[PDB]
Amino acid sequence: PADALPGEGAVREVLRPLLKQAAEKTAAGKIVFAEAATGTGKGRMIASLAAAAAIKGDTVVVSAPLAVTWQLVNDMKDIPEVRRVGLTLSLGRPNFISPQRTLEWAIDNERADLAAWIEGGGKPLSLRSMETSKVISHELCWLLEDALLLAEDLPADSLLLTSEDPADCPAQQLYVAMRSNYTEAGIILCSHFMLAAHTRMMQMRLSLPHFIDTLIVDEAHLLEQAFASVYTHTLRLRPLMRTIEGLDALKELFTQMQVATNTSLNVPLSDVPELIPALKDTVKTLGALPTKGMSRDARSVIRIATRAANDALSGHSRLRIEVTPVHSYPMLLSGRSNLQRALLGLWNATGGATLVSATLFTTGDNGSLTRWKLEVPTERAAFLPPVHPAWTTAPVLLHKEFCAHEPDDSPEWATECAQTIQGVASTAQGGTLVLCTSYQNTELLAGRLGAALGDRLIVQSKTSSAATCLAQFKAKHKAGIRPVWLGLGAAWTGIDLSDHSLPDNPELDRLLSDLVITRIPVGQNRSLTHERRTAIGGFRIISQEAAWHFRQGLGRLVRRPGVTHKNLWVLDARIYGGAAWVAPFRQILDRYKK
Amino acid sequence: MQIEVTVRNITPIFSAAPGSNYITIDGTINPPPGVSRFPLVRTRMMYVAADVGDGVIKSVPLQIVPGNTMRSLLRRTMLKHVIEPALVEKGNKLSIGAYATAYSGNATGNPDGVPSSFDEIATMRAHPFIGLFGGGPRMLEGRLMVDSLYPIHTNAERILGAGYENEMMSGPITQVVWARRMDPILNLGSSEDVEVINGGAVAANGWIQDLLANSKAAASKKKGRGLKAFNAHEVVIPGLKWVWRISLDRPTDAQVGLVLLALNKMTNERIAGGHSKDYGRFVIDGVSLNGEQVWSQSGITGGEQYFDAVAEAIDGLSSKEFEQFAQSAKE
Amino acid sequence: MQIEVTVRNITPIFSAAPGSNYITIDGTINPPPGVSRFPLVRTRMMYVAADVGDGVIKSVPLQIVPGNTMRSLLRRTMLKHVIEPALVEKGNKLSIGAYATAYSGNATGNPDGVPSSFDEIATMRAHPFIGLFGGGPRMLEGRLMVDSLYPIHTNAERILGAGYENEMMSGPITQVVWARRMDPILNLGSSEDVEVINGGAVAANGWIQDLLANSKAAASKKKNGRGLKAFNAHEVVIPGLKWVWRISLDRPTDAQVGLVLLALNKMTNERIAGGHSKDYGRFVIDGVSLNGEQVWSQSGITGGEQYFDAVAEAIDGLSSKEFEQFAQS
DNA sequence: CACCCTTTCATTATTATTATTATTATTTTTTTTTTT
DNA sequence: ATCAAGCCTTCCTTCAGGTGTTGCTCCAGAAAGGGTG
């Protein structure tokens, strides 16, 4: 490795040329579309790229999800170049805990360790907190995961730090003081959503530099969704209605929202039964209430509701109603389906950027879809050739057996698919995850497999999250019995099903022996921007995103090299029919054999 | 220079397709025979390999303007607005064969296969206009290379690589527009209306009797051509975004400057046809020079070296090069 | 050494075919005589034996570009993009036969059989460019083989026997594009339009009466100087179609593969099959598989650095004296 | 000298054509995240 | 606080047989001679 980049010695040999190409085109100012598999060690590459950009004198920003953040600061802790130029982490308000409210809760619920931790400054206790505090050289007090480690069942969102909290509390003081963290270091880690809040914060006119000389974004495919979350303002009616009790026009607003299975999807102002007089009355009745005597956690609810109402006031954003999983509560949303101005303002403030994710390219190096997700300028775009190693597909076991009934949410399909799932579970010598698309399909499978499989069945539903069933699946594999999982949603994309109780030996890794795809994941994204993009492009966008979700669901099997005897099953009957539109899901299927 | 220009047609585009096409009254193109059919003059269509569905790659019709057409249009704009103005403010003048060579490529048909001198080929390809349009009787290779006008459309996704996924249309893209052609003396109503016609009522009534006799002749033939002709023609719809790729294999800066000055005169020009119906008016909304966006609403505001090069080459323009271009070796 | 270049024609393909092909006003091709029929030069087409629809092979049309056109295009892209700049910087100039052997590969340097010594044969085949396109008087064997540009079509499906059933075209491949030249002395009409004419109004009117007399002479002839009006057709291959391109090097040197790779890098500014005015042959390279492994990037060829280094040393070592010794002696 | 240019010869004598055929219309219901 | 909680037939008719121009052009040969630098 002559003429080395900093930290390339800890980078895997397969991706060394992708590093060289990414560094060359990022130093040239282009926005690099880089695709690399999950077990290939992309964090080390981000570390090498940010280091090599940092020693040029560049203010380097690394945007990544918060779970990836600890690994990322660990891959860039000990190389000497970023030791010289410094590394800092940027956090918003929902990375901190409210000390007084959590004090009041710890006294109320008689939690001695939480109460003893907050009395004394709320010092960092988890290992990640103290080593990140050493790396940042800021004491990361009052963080959520230290509070959650002492009490996992704390009502987070009630104790989540708000903007209305007083200025004398140490948590808001620490957050406001650490808002200037980008001054004292050359590389700043943040979230996707922090970067998007920065971009809107540059659009409105501190959190991050006004110009980022080099920006590397890990887990790239979520970044666009981050913008779709920060430019969407939601009014929640029931917490407001409970807060005011502690107006009649908002009751009439709910009654008018009743009259308008698609309920006001992607419609800015074409339906106004009485929506805008009720909206103006809501704005004036919510903004003129006395701030004196209003509770310090209630004014946050008032402010977020008035911000949602004033986002719906402009008419520059769409409107969409949604309901909660818990009950049929009314939800009003003002999201935006055209994000070209915001993403263009992001890429104007970026000198050079690296597009990094496992899932960026549709076919080959075709990143035109993802360039059209995050509105990357084509003069600045560059779609580097991906890496797809053989060992991601070599341990995979492909079976020809499937369910001949197509999934149309029918009972006959659910009995036949349950019979095939019982066969897979019988031939399983370890954990099994079947991946259904819809809640209805999952409910039908559960009613057909619960009495058949006894304790072994795990169902994910409205009352069962993906993380709860994650810990449940790990608990059953710890107990020696072989669990079966009826997973959807986040079980498709973004779950680590590799054993961390077996770090050094991947040959005996047995958390997921069988992965089953019950249905091709068509129509699994219904965001406003993606529905607009579907309306522009047609079925090409839907089949493209379905292939992306299919490859993300297929990525759950292999997470590191060295595993063996991994079983893959697909039971959709369109896989084995002669239909042409399911043709892309052949060729990923063609990368396995026998 | 790889010039890419996007022009928004603000009226329909009618580059007529040769053929014998028909349409019923409802709007079905080329009906089965026996039904009452009216002649339809379709717009220019090319079949294009395109992505319908996913990997089901197919020849769909995409409605264009021919590259030969817009090439002729590019020649005429420069010739009308740059070349001949700068040729008649001085005393230079063109023979009729050399005007025919400057406009139609050649002064006549029947070209001489005797080739042309190497000093000659080099001097004509160094010319601002002749190197672009290398016609002549001894057939030059002109260095101007003009694309067909493509609508920024989902059927042209393979033609246009990236950067055009937004502002891109889909679906059906045309409209059949009908024309009546009403006989004028049927509209005649009074002695005041008829005074300009020689004889007045007698000539008008005589043409009426001619029309009814021709009607009996038509009824005899079914079971000399009048002025009632109700027909159709298919246009490309207005407001569509189109792309136009001018290509220049190693140009002189004056030559691409001539393209850019022509582009300056591109506004208030007609693309395809239908000159009576104002079809083919357009507005340029983009010009890119090696991919670099060089079009503002005022004008180019860029390509300055090519502009001063074509400026210096149009005061240096004279008729000697045109005349020795048009001179035939046999003639 | 096999290179598989898959390209996508941005503009149509028209490789003109011999023959006085005939077409009606509609799309009927070569009608029986006695009807109004029009001249037409179609694109190049051959009958290929395709195993389509059943177990037997049938002669189906398949419109492509000939491999001679493609070999010439590759030869000229190397010449203009690699041989021109590297040779020009050194200051070397080429003679009659040196240019004829480099650019045409023809024996016009001396039009008699050159007896070539084995040492000369070994070092000129070991030379990059003369290895690829030997010929002319020395009659040298070309290391480089160019297959013709085959479209990914049902008719070529057996030529592309494995790995090309996806993104594979079916049905009709060509379309008649009509072109009319017309008289521009018909398209005049203002006094400002005519002052630019030598002779002006009278000269234009004399052209008019000449065209009238020619029309009457032609009309009396039906029951040799022609005018300018000319309505004709040419059948073209539709754009957007993926074509394959097989480049086989028979035991090459490393500089030869580097030269082919630099040609494939810089080939984007050059065109296929002629049709220059209509700007036909515009294309973009989708992929390049070097012995089956994909090596093409959007910005050129990423990988094959030994090929790039070998051709870099070769084009630093490029001299016209090798071309002259290949030509004259 | 090599190269570069201009003009001689022949008299053939019908002329089938690929009759292939050419412009569309398919899904579908998630529940994230950790920002002001 | 409730009933009566719309009835019947209208449901197209001529005119529109489009016609003119375009209906291809070049070249694909090497001698041997004479006037040049």
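Structure first, text after, so check above.
Residues numbered from 1 in each chain as written, not as in the entry; some residues may be left out. Chains lettered and ligands numbered in written order. Part of a larger assembly, values for the part shown. Heavy atoms only, no water.

1. Section: the overall build of chain B
Okay, so step 1: Helices and strands together make up the secondary structure of chain B, namely 7 helices and 12 strands.
Okay, so step 2: Its C-alpha radius of gyration of 25 Å places chain B more than 25% over the 20 Å reference for a compact globule of 331 residues.
Okay, so step 3: A principal-axis box enclosing the C-alpha atoms of chain B has dimensions of 70 × 60 × 45 Å.
Okay, so step 4: Out of the 331 residues in chain B, the part that is buried amounts to 51%.
Okay, so step 5: For chain B, the accessible area works out to roughly 15,100 Å², and carbon and sulfur atoms hold 54% of it.
Okay, so step 6: Distance between charge centres in chain B, computed from 32 positive and 33 negative side chains, equals 10 Å. (Helix = DSSP H or I, 4+ residues; strand = E, 2+ residues; numbered from the N terminus. Rg over C-alpha atoms; globule rule 2.2 N^0.38 Å. Buried < 20%, exposed > 50% of the residue type's maximum accessible area, 1.4 Å probe, protein only. Areas by Shrake-Rupley, 256 points an atom, 1.4 Å probe, with all protein chains shown as cover. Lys, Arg positive; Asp, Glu negative; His and termini not counted. Charge placed at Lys NZ, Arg CZ, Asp CG, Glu CD.)

2. Digging into the packing of aromatic side chains
Okay, so step 1: Summed over the entire model, instances satisfying the criterion amount to 22 aromatic pairs over all chains.
Okay, so step 2: Both rings, one in A:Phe402 and one in A:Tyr576, keep their centres 4.0 Å apart while their planes meet at 15°; by these two values the pair is stacked. Highlighted residues: A:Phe402 in the loop between β11 (396-398) and α19 (411-427) and A:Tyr576 in the loop between β16 (566-570) and α24 (584-589), separated in sequence by 174 residues.
Okay, so step 3: Since its relative accessible area comes to 33%, A:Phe402 is described here as partly exposed.
Okay, so step 4: Given the relative accessible area of 33%, A:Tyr576 is considered partly exposed.
Okay, so step 5: Chaining the aromatic ring pairs together yields one cluster made of A:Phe539, A:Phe550, A:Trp581 and A:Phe585.
Okay, so step 6: Sitting over the ring of B:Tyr22, B:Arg37 keeps its end group 4.1 Å from the ring centre. (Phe/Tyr/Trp six-rings, centres within 6.5 Å; stacked < 30°, edge-to-face > 60°. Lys NZ or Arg CZ within 6 Å of the ring centre and 35° of its normal.)

3. Notes on empty space enclosed by the protein
Residues and elements named next belong to chain A.
Okay, so step 1: Estimates place the volume of the largest cavity at around 130 Å³.
Okay, so step 2: Lining the largest cavity we find 15 residues, and of these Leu-15, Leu-18, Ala-34, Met-45 and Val-356 sit closest to its centre.
Okay, so step 3: Within the residue set of the lining of the largest cavity, elements represented by two or more residues are α1 (16-27), β1 (31-35), α2 (42-54) and β9 (350-357).
Okay, so step 4: It is α2 that provides the largest number of residues to the lining of the largest cavity, a total of 4 residues.
Okay, so step 5: When its residues are assigned to classes, the lining of the largest cavity shows 11 nonpolar, 2 polar and 2 charged. (1 Å grid on protein atoms, 1.4 Å probe; cavity = no way out; pocket = protein on both sides within 12 Å on 5 of 7 lines; lining within 4 Å. Points joined across faces, edges and corners; volume = space filled by probe spheres on them. Nonpolar A, V, L, I, M, F, W, Y, C, P; charged D, E, K, R; others polar.)

4. Notes on helix α9 (residues 320-327) of chain C
Residues and elements named next belong to chain C.
Okay, so step 1: Within α9 the residues assigned to the buried category are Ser-320, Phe-323, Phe-326 and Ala-327. With its buried residues spanning 115° around the axis, α9 presents them on a single face.
Okay, so step 2: Buried residues along α9 sit in contact with α1 (67-90), α2 (96-104), α3 (118-126) and α4 (128-132). (Arc of directions from axis to C-beta. Contact = heavy atoms within 4.5 Å.)

5. Notes on the protein's contact with DNA strand E
Okay, so step 1: The environment of DNA strand E is formed by 26 residues, the closest being B:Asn110, B:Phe230, B:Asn231, C:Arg37 and C:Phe231.
Okay, so step 2: Near-protein atoms of DNA strand E (within 4 Å) split between backbone and bases, with sugar and phosphate holding 56%.
Okay, so step 3: Within the side chain of B:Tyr22, an N or O atom sits 3.3 Å from a phosphate oxygen of DNA strand E.
Okay, so step 4: Between DNA strand E and B:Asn231, the relevant distance is 2.6 Å, taken from a base oxygen to a side-chain nitrogen or oxygen of the residue.
Okay, so step 5: Of the residues that constitute the surface near DNA strand E, the class distribution is 12 nonpolar, 5 polar and 9 charged. (Near = heavy atom within 4 Å. Polar contact = N/O pair within 3.5 Å; in protein donor to acceptor, adjacent residues only side chain to side chain.)

6. Regarding the interface of chain C and chain B
Okay, so step 1: Of the residues lining the interface, 48 residues belong to chain C; the matching set on chain B comes to 46 residues.
Okay, so step 2: Interface of chain C and chain B: buried area, both sides summed, is about 4,100 Å²; carbon and sulfur atoms make up 57% of it.
Okay, so step 3: Contact with chain B buries area across many residues of chain C, yet C:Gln175, C:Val196 and C:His276 alone supply 15% of it, more than any other trio.
Okay, so step 4: The tally of links between chain C and chain B comes to 2 salt bridges.
Okay, so step 5: In this structure, the salt-bridge partner of B:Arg158 is C:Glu167, at a minimum N-O distance of 3.5 Å.
Okay, so step 6: Along the contact surface separating chain C from chain B lie 19 residue pairs in polar contact.
Okay, so step 7: Elements supplying a minimum of two residues to the side of chain C that touches chain B: β8 (174-181) and α6 (200-222) of chain C.
Okay, so step 8: Element by element, the count of residues in the side of chain C that touches chain B is highest for β8(C), at 5 residues.
Okay, so step 9: Looking at the side of chain C that touches chain B residue by residue, the class counts come to 24 nonpolar, 12 polar and 12 charged. (Buried area = accessible area lost by both parts, 1.4 Å probe. Salt bridge = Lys/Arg side-chain N within 4 Å of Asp/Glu carboxyl O.)

7. Digging into the pattern of salt bridges
Okay, so step 1: Applying the stated rule across the entire model yields 38 salt bridges over all chains.
Okay, so step 2: For A:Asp297, the salt bridge identified is with A:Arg101, shortest N-O distance 3.3 Å.
Okay, so step 3: Exposure remark for A:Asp297: the relative accessible area of 26% places this residue in the partly exposed category.
Okay, so step 4: Judged by relative accessible area, A:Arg101 falls into the buried class, the value being 16%.
Okay, so step 5: Its salt-bridge partner being C:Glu235, residue C:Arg42 comes within 3.6 Å of it at the nearest N-O pair.
Okay, so step 6: Judged by relative accessible area, C:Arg42 falls into the buried class, the value being 14%.
Okay, so step 7: Take C:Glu235: its relative accessible area is 8%, and that puts it in the buried class.
Okay, so step 8: Each member of the salt-bridge network shares a partner with another, and the members are B:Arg125, B:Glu141, B:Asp249 and B:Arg250.

8. Regarding the protein's contact with DNA strand D
Okay, so step 1: Neighbouring residues of DNA strand D: 40 residues in total, closest A:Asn95, A:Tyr439, A:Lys462, A:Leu488 and B:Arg42.
Okay, so step 2: Atoms of DNA strand D within 4 Å of the protein belong to the sugar or the phosphate in 52% of instances, the rest to bases.
Okay, so step 3: Separating a phosphate oxygen of DNA strand D from a side-chain N or O atom of A:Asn95 is a distance of 2.5 Å.
Okay, so step 4: In the environment of DNA strand D, a phosphate oxygen lies 3.4 Å from a nitrogen or oxygen atom belonging to the backbone of A:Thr437.
Okay, so step 5: The set of elements that each furnish at least two residues to the surface near DNA strand D consists of α11 (192-204), α16 (298-314), α20 (439-453) and α23 (539-554) of chain A.

9. Structural notes on helix α12 (residues 223-230) of chain A
Okay, so step 1: Of all the positions in α12(A), only A:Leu223, A:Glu224, A:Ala226, A:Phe227 and A:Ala228 are classed as buried.
Okay, so step 2: Those residues of α12(A) that are buried lie in contact with β2 (60-63), α11, β5 (212-217), α17 (340-348) and α22 (528-537) of chain A.

10. A closer look at the packing of α22(A) against α23(A)
Residues and elements named next belong to chain A.
Okay, so step 1: With their axes 6 Å apart at the nearest point, α22 and α23 run at an angle of 125° to one another. Taken together, the axes of α22 and α23 are oblique relative to one another. Contact residues: α22 offers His-530, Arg-533, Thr-534 and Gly-537, while α23 offers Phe-539, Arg-540, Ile-541, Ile-542 and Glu-545.
Okay, so step 2: Per-class residue counts for the contact of α22 with α23 are 3 nonpolar, 3 polar and 3 charged. (Axes fitted to C-alpha atoms, helices over the stretch in contact; angles between N-to-C directions. Parallel < 35°, antiparallel > 145°, perpendicular 65-115°, else oblique.)

11. Quick notes on the sheet that holds strand β2 (residues 21-23) of chain B
All names here are of chain B.
Okay, so step 1: In spatial order, the strands read β2-β3-β9-β8; together these 4 strands make up an open sheet with mixed pairing. Whereas interior strands pair on both sides, the edge strands pair on one side only; in this sheet they are β2 and β8 (174-179). Pairwise comparison of adjacent strand axes, ignoring direction, gives a mean angle of 35° for this sheet. (Pairing = 2+ DSSP bridges.)

12. Topic: a nonpolar patch on the surface
All names here are of chain A.
Okay, so step 1: On the surface, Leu-269, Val-272 and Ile-276 cluster together into a nonpolar patch covering about 280 Å² of accessible area.
Okay, so step 2: Counting through the fold element by element, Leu-269 comes out in the loop between α14 (248-259) and α15 (275-287).
Okay, so step 3: On the accessibility criterion, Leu-269 (57% relative accessible area) is exposed. (Patch = residues over 30% accessible without salt bridge, like charges linked within 9 Å, V, L, I, M, F, W, Y side chains within 5 Å.)

13. Overview of the nonpolar core
Residue and element names in this part refer to chain B.
Okay, so step 1: Membership of the largest hydrophobic core comes to 71 residues, with the highest contact counts inside it found for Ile-3, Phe-129, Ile-246 and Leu-263.
Okay, so step 2: When residues in this core are grouped by element, the largest group, 9 residues, is from helix α1 (residues 67-88).
Okay, so step 3: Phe-129 has contacts with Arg-75, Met-78, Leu-79, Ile-83, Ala-102, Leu-258 and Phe-322, leaving out every residue within four places of it along the chain. (Core = buried A, V, L, I, M, F, W, Y, C linked by side-chain atoms within 4.5 Å.)

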